[PDB]
Structure formats: C-alpha cells, structure tokens
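Visitor: Residue numbers (the deposited numbering): 51 to 463, 468 to 573, 576 to 862.
Here it is, the structure in full.
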Ligand SMILES: *[C@@H]1O[C@H](CO)[C@@H](O[C@@H]2O[C@H](CO)[C@@H](O[C@@H]3O[C@H](CO[C@H]4O[C@H](CO)[C@@H](O)[C@H](O[C@H]5O[C@H](CO)[C@@H](O)[C@H](O)[C@@H]5O[C@H]5O[C@H](CO)[C@@H](O)[C@H](O)[C@@H]5O)[C@@H]4O)[C@@H](O)[C@H](O[C@H]4O[C@H](CO)[C@@H](O)[C@H](O)[C@@H]4O[C@H]4O[C@H](CO)[C@@H](O)[C@H](O)[C@@H]4O)[C@@H]3O)[C@H](O)[C@H]2NC(C)=O)[C@H](O)[C@H]1NC(C)=O
Ligand SMILES: Cc1cc(C)c(C(C)(C)CCOC(=O)C(C)(C)C)c(O)c1
Ligand SMILES: [Ca+2]
Ligand code: NA
Ligand code: NA
Ligand SMILES: [Zn+2]
C-alpha cells in the first residue's frame, strides 16, 4: 500500500527515499507504483517542449513550462539547455574547439570534480566509427578525451548483469545477477524483468557505487530512472541537482538510455532504422554538455560515456530446438535465447539425469549452433559457475543464433532482428568507453579493457575506497591524468628451498625405469653450474613467481628450464623456460619413450611414482617442460625427471603434446622467441580460486598425487618483435590459456581428426588473462621486470581474443 494522497510540491526528484506508505517523488517512483498523486503535474512538465526559441528569450517566468528562457532561469538552475545559445549569443559545446583540461576549472564551493556516468544500452563498439558522422557530440568526447577502441562486457552479455557489473566491479557469479531471468533454489524464488521480485534486495550482492559513495559521505544522485521519464527531463534533473547548495549537491550522477538497444532488437545492429536512435542519443549528449557549459561546469565534471554490451544480427529462423535432440524435452526447464540454462522441471523426478542430457546435446548435428557444458567446464575466462542461480547445464550458443525448447516457444510465446547475450569475447558484443574531463587524459587512446575494471576508477575519481571487487586496481592508471592508485606488489608469503643433491638412486622405489646409464672434468663442472642456476637468466626472464600462500616448495634448476616444485602437491606449481626463434624441435628418442628418472634433489617421500600411473587405467602422464624442445641430447634427460611429470588423461595428452611439439615452436617463430610458464590448476569447487589440499576430489589411483582440473601456460615475448624475447628493452606482449584437463575431447566435435584441425581452436576458446591464472594458483608473476608496476597490471589483465579486427 501507498498513501498516494501526499504531495510532490517542493519535492520533485527528491534525493532521499521516503519509505512506505508515504508517497514518493523520486526518479524511480513510477517503477514502484508509488508516486504522489501530483507527480506528473508538478514534476513531469512538458509545456512548450525542451528548447528555447528567439521569442521566449527574456520571457516572464511561467512555472508550467518544461524548462525556462526567462532572465532568472540561470539563478534558478532550470533553463532549457540551449538557453545561452539562443538567447545570449553563446556557441553549442560541440562547436567549440577542444582545449586541454589540465586542471579542474570548477565554480567556488565544488570540493571535487563531479562524476557523470552517461550509459547507453546496446551501444555496440563499432558504432563509434560507423556512426561518427551522425554523432558529433559523442565524436568530440571520444576524440578530445580518453577512449578505448572497445570495452569488453561480462558474460552473459545481457543488460542487468552488465549494468550491475559496471556498478560493482564484480563478475555476475559474485554479484548474483547471473541473467535477466533467474531461479534461486534456496529462496525458491524467480527473478524476472517483469514484476516485483526483482525489487527485493536479496538478489543484489556486492556493493554498488552509489552505496560505496554514500557510506563514505559522498552524495549520489538517484541511481536509475523509470523508463517513462523522457531523456530531456533526466538531463534537466541532473543539471538541476548540480545547482543545489554545496552541502546538498551530489558528487556522482547517472544518466541511462534504453537506446540504441530498443531499436537494435527490432532492426538489427546496422538496420537503416538505427541512424535515428544514434542521432537522438547524440542530441541528448549535446543537451548535457550545453547544460554543463551554461553552469560553467564543462571543464570541471568528469563524464564517462559507457555501454553495457553490443548487438548481433539474430532472426527467428536461426533457432535450434532442444525438441530435435532430447527424447525427454518436457522433463526439463530451459532458460532460452542467446545462452541456455537447463535444470530438471521437477525436483521429485528421480529419472532426471544430467549426463544423458549433455550426451544427447553433444555433437549430434554437423553444423550444430550451440555447445553444451557442465558449468565447471565452461572457459574459465567467463567466470560463470560459482553461483547456485547458475544451472549446472549450460549451452554456449553461437553468435547469430538462439536456442529454444520447442518451436511453439518461438511463435506462440517473426519480428526481431537483433539480440545479445553471447560469449563476451564476440566482436559484436563489445561496447564503448570514453572518459572526458580534467581527471582523464587528453586525446589519448587506451587499449581495450574489461568493464569489471571501471568501478575502481570511478572510486578513484570520487576519492572513494572501493569495496572488494574483481578489477585489478591500478591496471587502468594509464586512462588518468591524476588520482592514480599506486599499488604495491603483494608480499611473498612462502620462501623456496634450494635443494642440492641429497639422495642416492637406490633410495627410490618408484617403479620407474630409464635407459640413462651410459657414460668429463670441465663438462661435469658445466652441468653442475646448470643445476645451481647458471642458465636461470635465460629461462626465468621476469623473476620467479611469488607464492602468496603458506606452502613448502623447492626451486629446481636445469639447463633448459626452472621450476617451483611443490612438496605438498608432488608436482611443479610453475615451470619456466625460454624458446628462441632459432630453437629446434627434436623427437623423444626411442630408448627414452617410457623414461622417468628419480630426482636426487627431492626425497622419495615427496616424489610421484610410476607404479601409480601403471595401475590407474584411466590416467597417464605428461611433462611440463617439453622433451621435444631440449637444447641437446644430454639436456633432454632432465625433461624426464619425476619432478617434471604431471598426471594427464590420454585424451588430454593429445592436446598437450601438440601444444608442446608444434605450437610452442610456432609461437617462437612468430614472436621472435617466447618465454613459457606452464603448470597445473586445481579448482574442484569452480570458484576461480586456488584449491587447498583438502578440496581435491580426485587423485591418481592409490596415491596422494592430486589430479589438476586445468593446465595453464603464460607465453610472453617482446611487444617490439624486432627484439628477441630474451633481450627485450620495452613493453611485453602476452597470451595465455587455462585448458580444462578432461578425460575426453567431447568439447571438440572434430577431435577424431589430426590435432592440426582442432587443438589450436580449443586453446583459443580457453584463452585467459594472467590475472585469472593468478587467482587460480596463488602465484604472482612478472615480479622483476624493468617496467612500471601499473603497466605490468595492465599486461596481467590482457586477454588475447583471436577475434579479427573490430
Ligand atoms: C571477485 O571478487 C569477489 C569480492 O572480493 C570475491 O568474492 C569473495 O570471495 C570470498 C571467497 O569465496 C568470500 O569470502 C567468504 O565470505 C563469507 C561471508 O559472506 C557474506 O559476507 C560478505 C561481506 O559483506 C558478502 O559480500 C557476501 O555476499 C555473498 O553472498 C550473498 C548471499 O548472502 C550474495 O548476495 C552475494 O552476491 C555474495 O555471493 C557470492 O559469494 C558467496 C560466498 O560468500 C558464494 O557462495 C555465491 O555463490 C556468490 O559467488 C556474504 O553475504 C564467509 O563466511 C566465508 O568464510 C568461510 O570460509 C572461510 C575460508 O577462509 C573460513 O575461514 C570460514 O570458516 C568460513 O567457513 C564456514 O563456512 C563454510 C561455507 O558455509 C563451511 O563449509 C565451513 O565449514 C564454515 O562454517 C568467506 O570469507 C566473499 O564473501 C566473496 N565476496 C563476494 C562479494 O562475492 C571473488 O572471489 C572474486 N573472484 C575471483 C575469481 O577472484
Ligand atoms: C552511481 C551509478 C553507477 C553506475 C555504474 C550506474 C549504471 C549506469 C551502470 C547503471 C547501474 O544499474 C544497475 O546496476 C541496475 C541495478 C539498474 C541493474 C548507475 O546508474 C549509477
Ligand atoms: Ca577453488
Ligand atoms: Na595409467
Ligand atoms: Na570430440
Ligand atoms: Zn537488449
């Protein structure tokens, strides 16, 4: 109930929330069906439209009018945004040359540059170039301020997950808004775009920027707008708030536009109908900047122009139907469209089986346009598993397509030409970022980055301490003239042991054999020097990784590679090696096919054993430093040490062997050498974070050898590829992956073919940031370079996407 009989007089667009049942006068009262009886009359005036005309200049004030052109309007803060242009001879902001804003130029009483976030739904990144001719205000922001060529949304590339990620810095699995539609099995409640459940605060996790600001005494404008409030009124309300007395005035403001998404769904991303929505958004930017100019705030405010996601061409005819795969289609509930999520229709049905559903959906039709995954097997870069609202079965749908349960859902539940939601590396899903104002840089292009990083920067712009989030604070310092956040590298928690030769061969009873016993003064000294680290500068290029948790581990040096060997997990945490452009690939010699060698620096008790692999009929092993890339026949023996061995399913060894034997040398040829760091990952609870020893669900049969969920590699070279990776003077270039360690290659429909036709495709799908590997391993990389720390933070957030040019 709401007592709608109260009044909005003197309260229009009031900032504090009045609790039930008193009626409301704020931005969102319409959405809550709670506005006072007189809200439209007093607060949504429309008389005489939105623009001054020559004949209104100097007019006697009529409070009925939507905005004013009377001589008192500037003191009242309610002029039409074009007032000074029409009545006072001024220029539109867009017509002024851009001039660097070196310092804020703010009116007296302003404690900090205000932040205005101007958000656009469905604004695909390529609109900034493709629509530039019809968006002069936006083009001026972009060209004169700081801009990225695009900004990467979060998965799923839907509106509410992305808007809330912008506001919180968190992945959807952490903030809880994992889709526009959700079922939470603990609440037994459904969240939808339609209806009241979505208003319950229990859905909304983390801490959004307006709450961060408020808790730290920085006032925020009301954070969002009821859809029926016209854009012109939203801009006028923001400008009105900016004229409040100092003690009452917000420091952070948000505008949101439902366009171009609304038309893009109807017309497709480049429908000819799309020009007009782009012009109308540009005109709204122009109203804002003109309004700011009138208030003398156009060289004071920081403006962020940012979108939530792009828009792809999708039509009704490109729909896959689960009814063409499943016999039991009425026993499941599907959340449909550009992603699929499947769960049992009834919790009382004991004949629901997820394995049979996945199997029936796997590589069943030649051009099949979706792929099923259990959620833990989704690419780790999606960070889309650790929430009870994310169903165990997920369908990744190809761009341009939909999935639905049955055909009747598509015509009795056609018209649309655009949609979004797909994998957040897809080019059509990328969106926009421009920052303009005194705290942003001038005429500066920055590389693409992810929208999870912006919350920290918005906090930086407001002088706020961010709530804990998934950005990497400092990684976006290059967007900023001032207010940078200067992080310190985390402290190493565990220091390594450096074992020498401590064990004789016969102390080992590992069940391993090797044909290595065929036989000096200076030659033996030389190999003693390798074991003490004499080649470590060549193979450990950026320092050893720091271990940021408590554990017991050994550094092991070799001619061709260096490792940090865990005494607890019985394998390396990391193995580091450099491969020059000139390196040569060799075979594993016949007499060494099954060679595994005890490591006389590591006790039998802290070693793997070969008998466990013999007896585990599902599990084989591989090596982290590749035997194929040994520098000499003699150095090759080091690659068969038991301290370089890791458990690998035979299906995964197909993938791993091709990467090691073919791809590493390809990357070294293309990049002028590469440095590789490889290792295992254990994430059995799919939380994106390193497992402790007691979270491990699978061991090599009969042993304490834990089985990795994933294997990673970080592949670094010189950004200026005229310098070899091992003699690089400047910025670095990286690409990395986190490959699922699976017992089959059912993900790869073409896996019966030669690895050359499918392995690299698999690897590209599981591309990763160095930071993702950091979270999964408790390691900290790039500790010793000549590069600034914020630059290394940006390198660690880089994702190699393999999409062609935007
Ligand atoms: C991205 O960044 C985010 C933010 O930094 C990272 O998420 C953090 O990671 C931590 C580890 O996973 C996690 O820490 C836990 O917090 C528990 C208290 O949680 C509440 O309080 C906080 C603070 O206000 C709040 O933010 C939380 O919000 C979560 O839960 C609510 C529901 O109440 C949701 O609305 C909200 O969206 C969010 O859910 C998300 O996180 C939870 C986990 O908290 C997931 O389950 C969800 O799926 C979703 O992802 C909460 O309101 C605290 O109790 C935990 O402590 C346990 O474990 C530690 C281990 O150190 C142990 O010491 C304790 O004994 C304790 O164990 C006991 O509980 C166990 C579980 O029941 C039990 O088995 C034991 O036997 C014990 O009884 C723990 O500290 C932190 O909450 C989240 N924060 C957020 C916002 O998500 C994220 O990791 C980053 N991602 C990556 C990849 O880097
Ligand atoms: C301060 C501030 C900051 C940010 C980032 C926004 C945006 C633009 C992104 C929108 C957030 O809306 C959400 O989160 C929903 C709850 C509506 C899904 C805002 O309104 C206000
Ligand atoms: Ca984990
Ligand atoms: Na085996
Ligand atoms: Na396959
Ligand atoms: Zn949309």
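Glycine included, each C-beta is placed from N, C-alpha and C at the ideal position.
With distances taken Cα to Cα, identify the nearest neighbour of residue 488 among 369, 207, 512.
Guide: Counted from its first residue, the chain shown places residue 488 at position 434. Comparing Cα-Cα distances from residue 488 to each of 369, 207, 512, the minimum goes to 512.
Visitor: When the Cα atoms are used, what is the spatial distance from residue 905 to residue 799?
Guide: With the chain covering only 51 through 862, there is no way to say anything about residue 905.
Visitor: Please name the residue or residues paired with residue 453 in a DSSP beta bridge.
Guide: As a position in the chain shown, residue 453 is number 403, starting the count at 1. Answer is 370, 387, bridged to residue 453.
Visitor: For residue 90, does the three-state DSSP call read helix, strand or coil?
Guide: One-based indexing of the chain shown puts residue 90 at position 40. Residue state, collapsed to three classes: helix.
Visitor: Would you check whether ligand 1 has a heavy atom nearer than 7 Å to the C-beta of residue 574?
Guide: For residue 574, no position is available: the coordinates of the chain end at 573 and pick up again at 576.
Visitor: Near ligand 3, which residues have their beta-carbon less than 5 Å from any of its heavy atoms, given in chain order?
Guide: Qualifying residues come out as 739, 741, 743, 745, 747.
Visitor: Taking C-beta to C-beta, are residue 492 and residue 711 nearer than 8 Å?
Guide: Stepping through the chain shown from its first residue, residue 492 is reached at position 438. Stepping through the chain shown from its first residue, residue 711 is reached at position 655. The answer is no: Cβ separation not under 8 Å.
Visitor: With a threshold of 7 Å, establish whether the CB of residue 258 neighbours any heavy atom of ligand 2.
Guide: As a first step, residue 258 is located in the chain shown; it is residue number 208 there, counting from the start. At least one heavy atom of ligand 2 sits closer than 7 Å to the Cβ of residue 258.
Visitor: Hey, out of 206, 720, 257, whose CA is closest to residue 641's CA?
Guide: Taking the first residue of the chain shown as 1, we reach residue 641 at position 585. Of 206, 720, 257, the residue nearest in Cα terms is 720.
Visitor: Give a yes or no on contact between the segment 755-774 and the segment 690-710, applying the rule of three or more CB pairs nearer than 8 Å.
Guide: The segment 755-774, when compared against the segment 690-710, does touch it at the 8 Å Cβ threshold.
Visitor: Measuring only from the beta carbon, is residue 220 closer than 7 Å to any heavy atom that is part of ligand 1?
Guide: Position 170 of the chain shown, counted from the start, is the residue given in the question as residue 220. Yes, ligand 1 has a heavy atom inside 7 Å of this Cβ.
Visitor: Do residue 175 and residue 360 have their beta-carbon atoms positioned less than 8 Å apart in this structure?
Guide: Here residue 360 is taken as the residue at index 310 of the chain shown, counted from 1. Here residue 175 is taken as the residue at index 125 of the chain shown, counted from 1. For residue 360 and residue 175, yes; Cβs fall inside 8 Å.
Visitor: Taking C-alpha atoms, which residue in 79, 56, 59, 171 lies nearest to residue 67?
Guide: Numbered from its first residue, the chain shown carries residue 67 at position 17. When only C-alpha atoms are compared, the closest one is 79.
Visitor: Could you say which of 225, 136, 759 lies nearest to residue 436 if we only look at CA atoms?
Guide: For the purposes of this step, residue 436 is taken as the residue at position 386 of the chain shown. Taking only the C-alpha atoms, the option nearest residue 436 is 225.
Visitor: Under 7 Å Cβ to Cβ from residue 433, same chain only, skipping five residues before and after it: list those, please.
Guide: For the purposes of this step, residue 433 is identified with residue 383 of the chain shown, where counting begins at 1. Correct list, in chain order: 221, 223, 744.
Visitor: Classify residue 499 as helix, strand or coil using the three-state DSSP reduction.
Guide: Here residue 499 refers to the residue found at position 445 when the chain shown is read from its first residue. Here residue 499 sits in strand by DSSP.
Visitor: Where residue 840 and residue 593 are concerned, what is the direct C-alpha to C-alpha distance, given to the nearest angstrom?
Guide: Walking along the chain shown from the start, residue 840 turns up at place 784. Walking along the chain shown from the start, residue 593 turns up at place 537. If you take the alpha carbons of residue 840 and residue 593, they lie about 11 Å apart.
Visitor: Helix, strand or coil: which one does DSSP assign to residue 625?
Guide: Your numbering for residue 625 matches position 569 in the chain shown. If DSSP states are grouped into helix, strand and coil, residue 625 belongs with coil.
Visitor: For residue 183 and residue 192, I'd like the C-alpha separation in whole angstroms.
Guide: As a first step, residue 183 is located in the chain shown; it is residue number 133 there, counting from the start. As a first step, residue 192 is located in the chain shown; it is residue number 142 there, counting from the start. About 13 Å.
Visitor: Quick check: does the Cβ of residue 543 come within less than 7 Å of any heavy atom belonging to ligand 4?
Guide: Locating residue 543 in the chain shown gives position 489, counting from the first residue. No, ligand 4 has no heavy atom inside 7 Å of this Cβ.
Visitor: So, does the segment 404-423 touch the segment 200-207, judging by three or more C-beta pairs under 8 Å?
Guide: no
Visitor: Does DSSP put residue 701 in a helix, a strand or coil?
Guide: Locating residue 701 in the chain shown gives position 645, where the first residue counts as 1. In the structure shown, residue 701 sits in a strand (DSSP, three-state: E or B).
Visitor: Tell me whether residue 664 sits in a helix, a strand or coil according to DSSP, three-state version.
Guide: Locating residue 664 in the chain shown gives position 608, where the first residue counts as 1. Three-state result, residue 664: coil.
Visitor: Have a look at 430, 258, 369 and flag the residue whose alpha-carbon is nearest the alpha-carbon of residue 741.
Guide: Along the chain shown, read from residue 1 onward, the residue named residue 741 stands at position 685. Measuring from the Cα of residue 741, the nearest candidate turns out to be 430.
Visitor: Taking 7 Å as the line, does the beta carbon of residue 214 fall inside it for any heavy atom of ligand 2?
Guide: As a position in the chain shown, residue 214 is number 164, starting the count at 1. Within the cutoff, so yes.
Visitor: What is the DSSP secondary structure of residue 349, counted as helix, strand or coil?
Guide: Within the chain shown, residue 349 is the residue found at index 299, counting from 1. Three-state result, residue 349: coil.
Visitor: Measure from the alpha carbon of residue 239 to the alpha carbon of each residue in 438, 303, 63, then state which is nearest.
Guide: Here residue 239 is taken as the residue at index 189 of the chain shown, counted from 1. Ranking the options by Cα distance to residue 239, first place goes to 438.
Visitor: How would you call residue 265, buried or exposed, if buried means at least 16 neighbouring beta carbons within 10 angstroms?
Guide: As a first step, residue 265 is located in the chain shown; it is residue number 215 there, counting from the start. Residue 265 is exposed by the Cβ-count criterion.
Visitor: Write down the C-beta distance between residue 449 and residue 469 rounded to the nearest angstrom, noting that I regard them as a contact closer than 8 Å.
Guide: Here the question's residue 449 lines up with position 399 in the chain shown. Here the question's residue 469 lines up with position 415 in the chain shown. About 20 Å separates the beta carbon of residue 449 from that of residue 469, a gap too long to meet the 8 Å contact definition.
Visitor: Ignore the nearest five residues each way along the sequence and tell me which others in residue 383's own chain have a CB closer than 6 Å to its CB.
Guide: In the chain shown, counting from the first residue as 1, residue 383 sits at position 333. Cβ neighbours of residue 383 beyond the five flanking positions: 393, 395.
Visitor: What are the boundary residues of the beta strand (DSSP E) that includes residue 676?
Guide: Within the chain shown, the letter at position 620 stands for residue 676. Residue 676 -> beta strand (DSSP E) spans 676-679.
Visitor: On the three-state DSSP scale, how would you describe residue 633?
Guide: Mapped onto the chain shown, residue 633 falls at position 577. Here residue 633 sits in strand by DSSP.
Visitor: Does ligand 5 have even one heavy atom less than 7 Å from the beta-carbon of residue 810?
Guide: By 1-based counting over the chain shown, the position of residue 810 is 754. Not so, every heavy atom of ligand 5 lies at least 7 Å from the Cβ.
Visitor: In chain order, what residues of the same chain have a beta carbon less than 7 Å from the beta carbon of residue 426, not counting five sequence neighbours either side?
Guide: Stepping through the chain shown from its first residue, residue 426 is reached at position 376. So the list reads 435, 742, once near-sequence residues are dropped.
Visitor: Any chance the segment 498-515 sits against the segment 239-253, with 3 or more Cβ pairs inside 8 Å?
Guide: no
Visitor: Looking at the structure shown, is residue 329 part of a helix, part of a strand, or coil, going by DSSP?
Guide: Working through the chain shown from its first residue, we reach residue 329 at position 279. Secondary structure of residue 329 (DSSP, three-state): helix.
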